[PDB]
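Just so it is clear, none of the values below were taken in a lab; they were calculated from the coordinates. Every residue, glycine as well, gets a Cβ built from its backbone with ideal geometry; the counts of neighbours run over all protein chains shown.
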Amino acid sequence: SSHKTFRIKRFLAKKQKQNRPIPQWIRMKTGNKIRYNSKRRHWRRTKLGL
Amino acid sequence: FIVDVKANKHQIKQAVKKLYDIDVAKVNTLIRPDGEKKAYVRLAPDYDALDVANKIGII
Amino acid sequence: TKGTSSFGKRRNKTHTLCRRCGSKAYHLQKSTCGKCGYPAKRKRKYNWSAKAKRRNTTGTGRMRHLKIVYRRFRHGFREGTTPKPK
Amino acid sequence: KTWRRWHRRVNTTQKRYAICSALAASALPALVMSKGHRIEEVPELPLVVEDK
Amino acid sequence: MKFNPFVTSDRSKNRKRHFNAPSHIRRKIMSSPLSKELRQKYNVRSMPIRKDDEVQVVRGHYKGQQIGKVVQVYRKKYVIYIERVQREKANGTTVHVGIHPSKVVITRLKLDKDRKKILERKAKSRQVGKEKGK
Amino acid sequence: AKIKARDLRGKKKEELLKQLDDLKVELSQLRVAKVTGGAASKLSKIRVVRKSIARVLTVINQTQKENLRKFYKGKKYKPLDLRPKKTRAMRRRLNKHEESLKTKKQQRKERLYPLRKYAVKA
Amino acid sequence: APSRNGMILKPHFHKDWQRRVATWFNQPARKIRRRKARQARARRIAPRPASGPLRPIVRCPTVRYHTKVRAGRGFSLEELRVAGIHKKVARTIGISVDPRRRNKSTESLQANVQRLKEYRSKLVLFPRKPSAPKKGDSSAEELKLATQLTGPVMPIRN
Amino acid sequence: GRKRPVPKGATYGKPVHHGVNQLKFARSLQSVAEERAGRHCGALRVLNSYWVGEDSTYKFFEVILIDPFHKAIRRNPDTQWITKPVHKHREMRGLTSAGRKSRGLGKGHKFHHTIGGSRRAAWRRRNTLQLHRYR
RNA sequence: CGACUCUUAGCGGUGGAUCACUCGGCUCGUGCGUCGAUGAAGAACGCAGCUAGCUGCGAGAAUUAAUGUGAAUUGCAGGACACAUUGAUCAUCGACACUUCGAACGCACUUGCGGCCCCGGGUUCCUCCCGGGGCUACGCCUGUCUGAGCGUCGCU
RNA sequence: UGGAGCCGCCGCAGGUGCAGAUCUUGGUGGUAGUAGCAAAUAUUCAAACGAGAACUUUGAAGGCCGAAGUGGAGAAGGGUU
RNA sequence: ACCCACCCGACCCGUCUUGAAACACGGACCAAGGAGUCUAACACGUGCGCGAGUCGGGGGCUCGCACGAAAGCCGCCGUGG
RNA sequence: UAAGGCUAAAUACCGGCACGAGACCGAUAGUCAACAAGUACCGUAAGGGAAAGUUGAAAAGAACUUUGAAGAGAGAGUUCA
RNA sequence: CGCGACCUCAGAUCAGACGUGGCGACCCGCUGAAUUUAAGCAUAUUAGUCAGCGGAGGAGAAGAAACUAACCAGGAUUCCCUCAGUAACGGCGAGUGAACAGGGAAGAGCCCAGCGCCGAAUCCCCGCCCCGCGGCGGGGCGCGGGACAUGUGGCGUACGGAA
Ligand SMILES: [Mg+2]
Ligand SMILES: [Mg+2]
Ligand SMILES: [Mg+2]
Ligand SMILES: [Mg+2]
Ligand SMILES: [Mg+2]
Ligand SMILES: [Mg+2]
Ligand SMILES: [Mg+2]
Ligand SMILES: [Mg+2]
Ligand SMILES: [Mg+2]
Ligand SMILES: [Mg+2]
Ligand SMILES: [Mg+2]
Ligand SMILES: [Mg+2]
Ligand SMILES: [Mg+2]
Ligand SMILES: [Mg+2]
Ligand SMILES: [Mg+2]
Ligand SMILES: [Mg+2]
Ligand SMILES: [Mg+2]
Ligand SMILES: [Mg+2]
Ligand SMILES: [Mg+2]
Ligand SMILES: [Mg+2]
Ligand SMILES: [Mg+2]
Ligand SMILES: [Mg+2]
Ligand SMILES: [Mg+2]
Ligand SMILES: [Mg+2]
Ligand SMILES: [Mg+2]
Ligand SMILES: [Mg+2]
Ligand SMILES: [Mg+2]
Ligand SMILES: [Mg+2]
Ligand SMILES: [Mg+2]
Ligand SMILES: [Mg+2]
Ligand SMILES: [Mg+2]
Ligand SMILES: [Mg+2]
Ligand SMILES: [Mg+2]
Ligand SMILES: [Mg+2]
Ligand SMILES: [Mg+2]
Ligand SMILES: [Mg+2]
Ligand SMILES: [Mg+2]
Ligand SMILES: [Mg+2]
Ligand SMILES: [Mg+2]
Ligand SMILES: [Mg+2]
Ligand SMILES: [Zn+2]
């Protein structure tokens with residue numbers, strides 16, 4: 001909005017940190033079932049806890 | 001710098017002075033959209049920033 | 001007009017993040033939740049939504065105090081002692 | 001359901017009658033052999049032994 | 001049979017117990033027999049295998065009478081790597097092939113103090129049981 | 001290189017602080033070095049220094065709190081920290097002496113009419 | 001709808017009864033638990049009868065039962081008074097005492113005095129300390145039995 | 001008495017339940033009195049109450065309360081039963097002399113409902129299909 | 001023969017049935033039967049050398065101490081350590097620690113405004129200013145201090 | 001073909017045999033390379049990059065929005081665009 | 001039993017209906033799923049045991065239950081039905 | 001013998017901690033959930049709520065040569081496959 | 001126009017304590033439907049059942065007769081078997097529906113007020129010493145405070161009790 005509270009800004013920050021894709025060294029771990037992050041949120045489609 | 005989010009400019013100023021034996025003109029904080037309070041810290045004109053920068057490691 | 005054009009003017013919000021339960025259900029005008037009833041001293045739970053009841057029972061969260069109490073009890077609520085040292 | 005009638009209760013004489021019937025045919029080599037038991041070389045069929 | 005009414009004899013329970021076993025418990029699981037030679041000497045059937053014992057592989061492809069030194073113990077993978085027990089990958093690089101500890105025999109132990117005290121404890125219990133049986 | 005709990009126990013209070021400070025300094029430089037690449041060899045230390053820092057701080061708090069409960073062991077009113085936390089309810093049980101207070105009437109009863117060990121058929 | 005002959009019968013399954021069905025899969029586990037707990041209680045009350053205390057003989061009420069006789073709840077005060085056992089003590093030697101029992105007929109009274117008399121004969125009161133004062137029996141009748149009495153103590157047989 | 005809290009009349013339902021005016025609470029006023037004294041002084045543990053008068057509009061009562069954690073109560077053995085945590089909120093559970101009376105329990109033919117612990121418990125006993133193993 | 005269409009079979013696709021597995025459920029039983037103002041449950045936000053999620057933890061943050069264990073952890077790095085030494089790694093967990101909301105407590109929910117005591121810079125108690133620390137919810141009981149009343153008396 | 005368990009007989013037990021329920025869940029056709037990719041006048045030439053250009057970029061031309069704008073800035077909302 | 005030919009026969013199933021190939025509804029195709037269960041009470045029939053009796057519950061005595069939460073036994077054997 | 005009070009035990013236990021078992025289910029079943037599930041996702045909100053198990057004994061997961069901008073191939077190799 | 005008793009009331013960031021929310025399978029107190037059945041429906045039934053509110057404990061509640069009975073009498077409470085689908089209720093329709101006895105599981109009984117006697121013989125908090133201190137207790141010593149005669153403590157409570 002460009003007029004944020006601090007509460008909201010911090011919320012957004014964490015959401016922004018969560019988006020990154022898996023580190024590829026994770027795929028090489030021993031008992032690995034994970035191939036892709038599957039919790040990736042694109043701003044244009046799917047619109048936050050808000 | 002990156003600074004702890006709870007800090008006042010007063011605290012930062014006092015920290016910067018304490019750690020690096022330095023002295024500050026002014027501190028000028030903001031908050032990164034990421035979460036880490038950044039701090040621009042103007043040193044007083046008796047001091048050169050590149051000289052301290054070399055002391056602390058960065059360049 | 002009742003539909004698509006009127007979805008146009010959903011410019012402003014009813015609820016926000018409640019600060020007890022965390023849900024986006026704190027109604028700003030009422031200044032209550034409607035999930036935990038925030039200002040209300042006691043938590044809101046109802047016996048009709050057994051599914052809702054289960055979604056934030058105890059187990060659910062960290063149980064950061066309660067999980068070490070269970071351990072403490074097990075071995076006997078001993079306090080202020082150590083094992084025999086080396 | 002759990003309260004399906006699982007257990008089944010039998011008259012006591014009848015239970016005894018069965019147990020007498022089984023004993024009586026633990027004699028009878030035919031009935032023992034037919035029940036599969038290789039009892040070919042055993043010396044006597046109601047096989048009783050010392051009590052050491 | 002097992003009569004103790006607090007043990008389990010339940011496939012799912014035993015396997016879960018096994019695969020989700022914690023390091024120190026895996027140490028015990030990953031044990032391996034002594035050579036008849038040592039079996040005579042120490043009065044011990046078998047020992048928890050360790051980083052640099054000398055060892056024969058008894059079964060498999062690498063089954064052989066050579067005595068390779070242990071290389072590492074991958075307790076996560078329930079396996080030990082052994083000196084010349086290895087295979088050339090596509091691009092020439094050698095790769096230490098895993099052998100399960102139980103399909104191996106310890107010819108030479110790596111004796112530290114603690115390993116010494118372990119062997120003293122196992123031998124003593126064995127001889128107590130022989131005295132009780134006699 | 002290794003900072004153990006072992007040795008720190010005996011050390012003087014001012015000496016423990018200097019050590020913490022000197023680790024806090026060493027942590028700073030590694031954090032600086034993590035930004036500027038540094039080297040894997042440096043970026044190990046950062047974990048080590050952190051835990052040694054904790055090892056120091058821990059020893060200090062254990063020493064401060066041991067001394068503190070020496071100081072109150074005897075006094076009736078003592079800080080809530082130093083009072084024994086068991087479980088809310090368990091800190092409202094009857095006192096251990098208070099729940100075996102017999103009424104004089106009940107005591108007299110136990111004196112006059114004690115349950116006797118007896119058997120039958122002889 | 002009823003079809004040609006049968007009891008015009010009323011079952012009571014109109015409430016939500018399946019919400020209150022009470023299964024009995026316990027019962028074996030229960031039966032054991034009682035039994036352990038029973039054997040423990042014996043062992044605690046070491047030479048004392050496992051039974052409990054001695055209890056009076058008593059006739060049932062009503063024309064129906066009338067002829068039969070059970071164990072009652074406890075011996076009346078008159079019965080203790082006549083036997084000559086102090087009521088407060090009688091509890092301490094394993095004699096049940098109720099005090100709410102009247103005593104109408106003298107045939108039921110003298111029988112119940114006789115009971116207590118007989119009890120007091122065949123009772124082995126141990127002394128408080130191993131050093132032996134009055135009342136407490138001889139070490140002969142003590143060594144020869146610190147034995148429990150299995151079953152109800154001096155059982156009533158109609 | 002107790003008028004039925006429903007808007008206007010509008011106890012929508014079968015005209016058995018249409019009543020709103022002439023109907024009467026289960027507990028007594030004296031119990032309500034205790035319950036309120038109990039509510040207010042949470043630490044305090046309601047022992048018992050008595051009557052001190054009545055206007056048309058009000059009744060008056062006098063609820064005896066006790067600190068369970070005052071040493072003089074704690075150390076006196078004859079009272080120290082109230083300091084036990086089963087006796088928290090007697091009045092709320094229907095356990096003072098007053099609130100006992102509504103429960104409808106006494107020995108003898110004039111009761112039977114409440115021939116287990118309480119009214120609810122007897123119903124419970126009487127409406128259990130005991131379903132035995134062998135039947 | 002030609003193309004196309006139909007039928008059958010071979011082989012290949014599409015698709016994921018079947019079968020075989022099962023660190024999950026469902027049911028019955030046993031023992032115990034323990035949360036919280038000494039701050040619960042729950043929520044939030046944090047914390048990894050490279051880590052997003054799940055988990056684990058709390059600015060001592062994938063954990064500190066202690067005790068038991070006795071060489072690993074391991075996706076890769078890097079390292080430590082002398083694994084003839086309180087000693088890697090797990091387990092236990094009694095010592096220590098435990099950010100912010102939350103019954104939730106200085107008053108407010110902006111994360112805004114405060115009061116009162118002490119400490120360091122600031123002064124040289126000059127109050128300011130900055131930083132740190134400790135108090136500052138409501139209700140209620142036992143006492144304590146200060147009181148109020150043409151409430152009931154006494155002496156003056 | 002497949003690659004790890006499975007069956008006959010005598011008894012017992014059952015969540016035991018499908019074509020349909022505008023049945024449920026999943027999959028696949030014909031329809032079909034069909035309908036369709038038509039609101040608001042407009043594109044053209046050369047070059048560059050490049051494996052590759054109707055669509056990118058640069059230059060040149062021709063056009064439109066025509067300051068109640070297809071321009072220049074905010075509010076709310078989004079939340080890194 | 002695969003394909004083709006020819007002669008004769010031959011309307012599409014399910015269903016409700018007096019009457020369905022119907023211009024009556026459901027049904028593009030395939031896979032898997034999918035509906036007379038269990039408890040209680042009664043009655044009659046049948047099988048077994050005992051028989052003017054019969055009965056087993058409930059309880060108890062025998063075990064840490066590996067198989068047992070079985071099996072066995074009870075002046076409780078009959079309070080009682 | 002009411003209008004005052006306390007009291008263990010046999011009794012209950014689809015929540016909790018910790019175990020044991022099964023003539024149960026075997027991935028459209030069994031819990032919504034065998035998996036980063038009360039997750040993703042939807043809804044202003046109360047609330048709603050999925051799908052999704054399996055290379056192999058071992059990663060030995062295809063070095064190298066060659067065609068192509070590449071995805072894709074052709075040979076070669078690993079594997080008992 | 002004072003000073004002093006008490007009574008009733010305030011205020012303290014006064015000293016020291018407690019209560020607040022959670023969980024909710026089981027438990028205690030209230031509150032309380034309507035689908036439904038009756039082949040319609042209104043009483044009845046569904047049901048003192050779901051939802052609603054309150055408060056607990058490891059269990060809760062109950063409990064030591066203002067009881068049963070009508071016998072040659074039993075003798076607190078809870079639980080099971082039975083009583084019994086019985087007595088009874090009921091548009092006497094649908095439907096509903098206990099208790100005593102009897103046999104078991106268990107078994108345990110007690111205390112006040114009052115009435116009276118006893119120099120309040122009682123209690124709480126201070127402060128000093130010795131022990132003990134991670135369930136704040138013992139013993140001693142203080143003209144150290146207060147509660148209390150508008151009644152604390154010992155004896156005693158119907159099974160009788162006192163002298
Ligand atoms: Mg959008
Ligand atoms: Mg007394
Ligand atoms: Mg008995
Ligand atoms: Mg009605
Ligand atoms: Mg009355
Ligand atoms: Mg074909
Ligand atoms: Mg599938
Ligand atoms: Mg296989
Ligand atoms: Mg089945
Ligand atoms: Mg089909
Ligand atoms: Mg076209
Ligand atoms: Mg712009
Ligand atoms: Mg019809
Ligand atoms: Mg017709
Ligand atoms: Mg037809
Ligand atoms: Mg026609
Ligand atoms: Mg039709
Ligand atoms: Mg159709
Ligand atoms: Mg099928
Ligand atoms: Mg018949
Ligand atoms: Mg009571
Ligand atoms: Mg699946
Ligand atoms: Mg599947
Ligand atoms: Mg499923
Ligand atoms: Mg499958
Ligand atoms: Mg598959
Ligand atoms: Mg499959
Ligand atoms: Mg194959
Ligand atoms: Mg509460
Ligand atoms: Mg009707
Ligand atoms: Mg009808
Ligand atoms: Mg109607
Ligand atoms: Mg009713
Ligand atoms: Mg309810
Ligand atoms: Mg109770
Ligand atoms: Mg009474
Ligand atoms: Mg009775
Ligand atoms: Mg009958
Ligand atoms: Mg009724
Ligand atoms: Mg008196
Ligand atoms: Zn909320």
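If you look at the Cα atoms of the range G:98-146, you get an Rg and a Dmax of 15.7, 44 Å. Under the rule a/c < 1.5 gives rounded, and otherwise a/b versus b/c splits prolate from oblate, where does chain B land using the Cα gyration tensor? It is prolate, given that a/c is not under 1.5 and a/b is the larger ratio.
Counting only alpha carbon atoms, the long axis of helix D:12-24 and the longest principal axis of chain D meet at about 20°. Taking amide H as placed 1.01 Å from N in the peptide plane, F:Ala119 has its amide H under 5 Å from the amide H of G:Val124, G:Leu125, G:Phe126, each at least 5 places away in sequence or on another chain.
For chain D, the pair-distance distribution built from all alpha carbon pairs, in bins 10 Å wide starting at 0, is 18, 32, 25, 17, 8, 1 percent. Counting only alpha carbon atoms, the long axis of helix G:106-121 and the longest principal axis of chain G meet at about 60°. With a threshold of 25 Å on the Cα-Cα distance, the over-threshold entries among F:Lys13/F:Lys70; B:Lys6/B:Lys26; E:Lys16/E:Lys124; C:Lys45/H:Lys101 are E:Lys16/E:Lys124; C:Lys45/H:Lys101.
In this rough spin-label picture, where each label sits 7 Å from Cα along the Cβ direction, the H:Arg39-G:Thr92 distance is 5.3 nm. Across all Cα atoms of chain G, the radius of gyration (one decimal) and Dmax (whole number) stand at 23.9, 86 Å. Residues within the reach of a label modelled at F:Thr58 (point 7 angstrom out along Cα to beta-carbon, backbone nitrogen below 11 Å), restricted to the range F:1-29, are F:4-6. Just the number, please: Stokes-Einstein D of the protein assembly as shown in µm²/s, Kirkwood Rh from C-alpha pairs, 10 °C, 1.306 mPa s. It comes out at roughly 39 µm²/s.
Quick check: pseudo-label points 7 Å beyond the Cα along Cα→Cβ at G:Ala46 and C:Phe73, how many nm apart are they? Reported label-point gap for G:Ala46 and C:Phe73 is 3.6 nm. Using C-alpha pairs under 8 Å with a sequence gap of at least 6, the mean separation divided by the residue count of chain C gives a relative contact order of 12 percent. By the Kirkwood approach, averaging reciprocal distances over each pair of separate Cα atoms, chain F gets a hydrodynamic radius of 20.5 Å.
How crowded by other chains is H:122-135, given as the mean number of beta carbons from other chains within 10 Å of each beta carbon?
Numbers: counts 0, 1, 2, 2, 1, 6, 5, 10, 5, 10, 8, 11, 8, 5.
Averaged over the peptide's residues, the number is 5.
Can you classify chain H as rounded, prolate or oblate using the Cα gyration tensor, where a ≥ b ≥ c are the square roots of its eigenvalues, rounded means a/c under 1.5, and otherwise it's prolate if a/b beats b/c and oblate if not? Oblate. Along the Cα-to-Cβ line of H:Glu54, 7 Å from the Cα, sits a label point; which residues in the range H:90-106 have backbone N less than 19 Å from it? Hits in the range H:90-106 for H:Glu54 at 19 Å: H:97-103.
Arrange the peptides A:31-39, A:2-10 so that the one whose residues have, on average, the most other Cβ atoms within 10 Å appears first.
Listed from highest to lowest mean packing, they are A:2-10, A:31-39.
For the residues of D:1-7, the average number of beta carbons from a partner chain within 10 Å of their own beta carbon is 5.
Partner shielding of G:18-26 amounts to 6, given as the average count of beta-carbon atoms from other chains within 10 Å of each residue beta-carbon. Once the Cβ-Cβ distance of H:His70 and B:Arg42 is raised to the sixth power relative to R0 = 51 Å, the FRET efficiency obtained is 0.20. Pairs spanning more than 25 Å between alpha-carbon atoms, out of E:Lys28/E:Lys116; F:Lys117/G:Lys122; E:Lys2/E:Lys77; G:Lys87/H:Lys107; E:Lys51/E:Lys76; B:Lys9/F:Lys24: E:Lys2/E:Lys77; G:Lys87/H:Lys107.
Helix G:27-44 axis versus longest C-alpha principal axis of chain G: approximately 10°, rounded to the nearest ten.
Helices in the protein assembly as shown, meaning DSSP H runs of at least 4 residues, each add -39500 (n - 2.57). Divided by all residues, the mean residue ellipticity at 222 nm is -10000 deg cm²/dmol.
The mean sequence distance of close C-alpha pairs (under 8 Å, at least 6 residues apart), as a share of the length of the range E:52-134, puts its relative contact order at 28 percent.
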